[PDB]
**Student:** 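Quick one: this structure, given as structure tokens, is what I'll be asking you about.
The analysis underlying the following values was restricted to heavy atoms, covering all of them including side chains, and did not include hydrogens, waters or symmetry mates. We number each residue from 1, following the sequence as shown.
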Amino acid sequence: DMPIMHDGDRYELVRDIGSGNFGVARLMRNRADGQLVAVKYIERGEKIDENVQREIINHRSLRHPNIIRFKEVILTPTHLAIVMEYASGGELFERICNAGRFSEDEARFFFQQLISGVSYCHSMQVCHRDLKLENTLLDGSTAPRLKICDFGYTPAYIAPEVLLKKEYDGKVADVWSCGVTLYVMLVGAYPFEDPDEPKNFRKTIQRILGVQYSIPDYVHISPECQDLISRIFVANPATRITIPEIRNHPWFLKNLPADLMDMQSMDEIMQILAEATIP
């Protein structure tokens, strides 16, 4: 369930949705600025706990263009409403499918945004967070802004060490994921996974563990691009290229935009969350 529509003076109801990265959510248009927002609802009472509070505070702290940004919490008679930015250009993956594959320059356009967002997320973490890299979103149709869904309310993406080791560095596993996104942009399909046997997980995992992939002969990529890919897809996390090293890689640096180079008070939010614990 979702409660009835509310705050109609500030928001227009666009549509209630039931799937995708926002799950069960309400899409709204802000009447003041015209921006689309996704609203998630949590029932008032026992569900409003310290986890919710931390998730909200964490979310709120993320101020970077390539992350889905928190807007506000609103108290309703029956639910806490969590309002955040909505990405209206679909999934990155669907844009790749539509294109067949991206050119090197288009892949770079998105990869620069991805890495920048991931580097930002990493800089704000005390612990690894599932950034949902398998499903990044796009905002806008033309020159789309990539959106990572750093919030929470195919096995091709899993790095070898995530399967094999008791302990692993989550940031280094994210590098592998970024490489999987780069590959799918350049090739038009996932590496490792058999396109005719997508649910043969065992087969995909054995290929991950062996780092068994190839870029098709008809896909021509520059040496700098090959260099980046080869340095991401190494099984040993200790030898994998790091995010700072990617940010200084010549393929990443080429055509880097100037921007990528180099609200309620917390008091109000906390008071709303406190009130929301009462049904």
**Student:** We want to know whether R54 and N51 form a side-chain donor-acceptor pair, criterion being a heavy-atom distance below 3.5 angstrom.
**Tutor:** yes
**Student:** Applying side-chain contact (heavy atoms from CB on, under 4.5 Å), run through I74 and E72 and close with a yes or a no.
**Tutor:** CA-CA 6 Å; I74 306 169; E72 57 176 321; 3.7 Å; yes
**Student:** Out of curiosity, does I229 fall in the hydrophobic cluster containing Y218 (side-chain heavy atoms, cut-off under 4.5 Å, transitive links)?
**Tutor:** yes
**Student:** What's the shortest heavy-atom distance between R29 and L36, and which atoms?
**Tutor:** NH2-CD2, 3.5 Å
**Student:** Under the 3.5 angstrom rule, does the side chain of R44 hit a backbone N or O of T76 as a donor-acceptor pair?
**Tutor:** yes
**Student:** Please check if any side-chain donor atom of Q35 sits under 3.5 Å from a side-chain acceptor atom of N30, or the reverse.
**Tutor:** no
**Student:** Does any non-hydrogen side-chain atom of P237 lie less than 4.5 Å from one of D169?
**Tutor:** no
**Student:** Does the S177 side chain pair with the main chain of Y157, one donor and one acceptor, at a distance under 3.5 Å?
**Tutor:** yes
**Student:** Between CD1 of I17 and CE of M2, what distance do you get to the nearest 0.5 Å?
**Tutor:** 8.0 Å
**Student:** State the NE2-CD distance between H220 and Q226, to the nearest 0.5 angstrom.
**Tutor:** 13.0 Å
**Student:** Can you confirm whether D9 is buried at CG, in the sense that more than 12 heavy atoms of other residues, nucleotides or ligands lie under 6.0 Å from that atom?
**Tutor:** yes
**Student:** Provide the closest heavy-atom pair for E193 versus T204 in the form atom of the first, atom of the second, distance.
**Tutor:** CA-OG1, 3.5 Å
**Student:** Determine whether the aromatic ring centres of residues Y190 and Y183 are separated by less than 6.0 angstrom.
**Tutor:** no
**Student:** Measure centre to centre between the rings of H6 and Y11, then say whether the value is under 6.0 Å.
**Tutor:** no
**Student:** Do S230 side-chain atoms and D227 backbone N/O form a donor-acceptor pair below 3.5 Å?
**Tutor:** no
**Student:** Test your reading of the model: is there a side-chain donor-acceptor pair from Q271 to the backbone of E268, 3.5 Å cut-off?
**Tutor:** no
**Student:** Is there a donor-acceptor pair closer than 3.5 Å between any side-chain N or O of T154 and the backbone N or O of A156?
**Tutor:** yes
**Student:** With ring centroids as reference points, do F192 and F233 lie under 6.0 angstrom apart?
**Tutor:** yes
**Student:** Can you get from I243 to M261 by hopping between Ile, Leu, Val, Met, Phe, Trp and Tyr side chains that sit under 4.5 Å apart?
**Tutor:** yes
**Student:** Do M5 and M28 have side-chain heavy atoms sitting under 4.5 Å apart?
**Tutor:** yes
**Student:** Under a 4.0 Å threshold between the charged nitrogen and the carboxylate oxygen, would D194 count as salt-bridged to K203?
**Tutor:** yes
**Student:** Any salt bridge between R240 and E161, counting N to O under 4.0 Å?
**Tutor:** yes
**Student:** Who passes salt bridge (charged side-chain N to carboxylate O under 4.0 Å, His left out) against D130, sequence neighbours left out?
**Tutor:** none
**Student:** Measuring from atom CG of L138 to atom NZ of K147, what distance do you get when rounded to the nearest 0.5 angstrom?
**Tutor:** 10.5 Å
**Student:** Does a side-chain heavy-atom distance below 4.5 Å link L137 with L92?
**Tutor:** no
**Student:** Regarding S116 and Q112, do their side chains bring together a donor and an acceptor under 3.5 Å, going by distance alone?
**Tutor:** no
**Student:** If you take all heavy atoms of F110 and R95, which pair is closest and at what distance?
**Tutor:** CZ-NE, 3.7 Å
**Student:** Just wondering, do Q264 and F70 contact through their side chains at under 4.5 Å, heavy atoms?
**Tutor:** yes
**Student:** Salt-bridged, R26 to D16, with N to O below 4.0 Å?
**Tutor:** yes
**Student:** Would you check, one step at a time, whether the test side-chain contact (heavy atoms from CB on, under 4.5 Å) holds for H249 with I241?
**Tutor:** CA-CA 10 Å; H249 196 280; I241 195 170; 4.1 Å; yes
**Student:** Go through it in stages, so that I can follow the logic: the residues are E43 and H79, the test is side-chain contact (heavy atoms from CB on, under 4.5 Å), and I'd like the CA-CA distance, side-chain angles, deciding distance and then a yes or no.
**Tutor:** CA-CA 4 Å; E43 285 164 31; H79 295 80; 3.5 Å; yes
**Student:** Closest approach of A25 and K40, non-hydrogen atoms and distance?
**Tutor:** CB-CD, 4.1 Å
**Student:** Ignoring hydrogens and angles, tell me if any N or O in the side chain of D49 forms a donor-acceptor pair with the backbone of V52 under 3.5 Å.
**Tutor:** yes
**Student:** First locate atom CG of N66, then atom CG of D150, and finally report the distance between them rounded to the nearest 0.5 Å.
**Tutor:** 12.0 Å
**Student:** Quick one: closest heavy-atom pair of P279 and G45, and the distance?
**Tutor:** CG-CA, 3.7 Å
**Student:** Do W176 and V211 have side chains that approach each other closer than 4.5 Å (heavy atoms only, starting at C-beta)?
**Tutor:** yes
**Student:** Going by heavy atoms in the side chains, are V175 and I246 under 4.5 Å from each other?
**Tutor:** yes
**Student:** Group every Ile, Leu, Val, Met, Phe, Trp and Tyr by side-chain heavy-atom contacts under 4.5 Å, then state whether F93 and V187 land in the same group.
**Tutor:** yes
**Student:** Charged N to carboxylate O below 4.0 Å: is that the case for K171 and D174?
**Tutor:** no
**Student:** Treating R247 as the side-chain partner and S119 as the backbone partner, does any N or O pair qualify as donor plus acceptor under 3.5 Å?
**Tutor:** no
**Student:** Going by heavy atoms in the side chains, are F102 and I96 under 4.5 Å from each other?
**Tutor:** yes
**Student:** Does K132 make a cation-pi contact with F151, if we ask for NZ or CZ under 6.0 Å from the ring centre and within 45° of the axis?
**Tutor:** yes
**Student:** Using a 3.5 Å distance criterion without hydrogens, assess whether the side chain of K71 forms a donor-acceptor pair with backbone atoms of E85.
**Tutor:** no
**Student:** Supply the atom-to-atom distance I232 CD1 to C178 SG, rounded to the nearest 0.5 angstrom.
**Tutor:** 7.0 Å
**Student:** Step through it carefully: locate the ring centre of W251, locate the ring centre of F111, and say whether they are under 6.0 Å apart.
**Tutor:** yes
**Student:** Which atom pair, heavy atoms only, marks the closest approach of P160 to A235?
**Tutor:** CG-CA, 4.1 Å
**Student:** Can you check side-chain contact (heavy atoms from CB on, under 4.5 Å) on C149 and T136, steps first, answer last?
**Tutor:** CA-CA 7 Å; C149 295; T136 58; over 6 Å; no
**Student:** Among side-chain atoms of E104 and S222, is any donor-acceptor pair under 3.5 angstrom?
**Tutor:** yes
**Student:** Side chains of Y153 and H59: is there a donor and an acceptor less than 3.5 Å apart?
**Tutor:** yes
**Student:** Heavy-atom distance under 4.5 Å between the side chains of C121 and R129, does that happen here?
**Tutor:** no
**Student:** Indicate, with yes or no, if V172 and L163 share a hydrophobic cluster defined by side-chain heavy-atom contacts under 4.5 Å among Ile, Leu, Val, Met, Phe, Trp and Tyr.
**Tutor:** no
**Student:** Look at the side-chain heavy atoms of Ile, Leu, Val, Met, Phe, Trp and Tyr, link any pair under 4.5 Å apart, and say whether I42 and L27 land in one connected group.
**Tutor:** yes
**Student:** Nearest 0.5 Å, please: how far is CZ in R10 from CG in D33?
**Tutor:** 10.0 Å
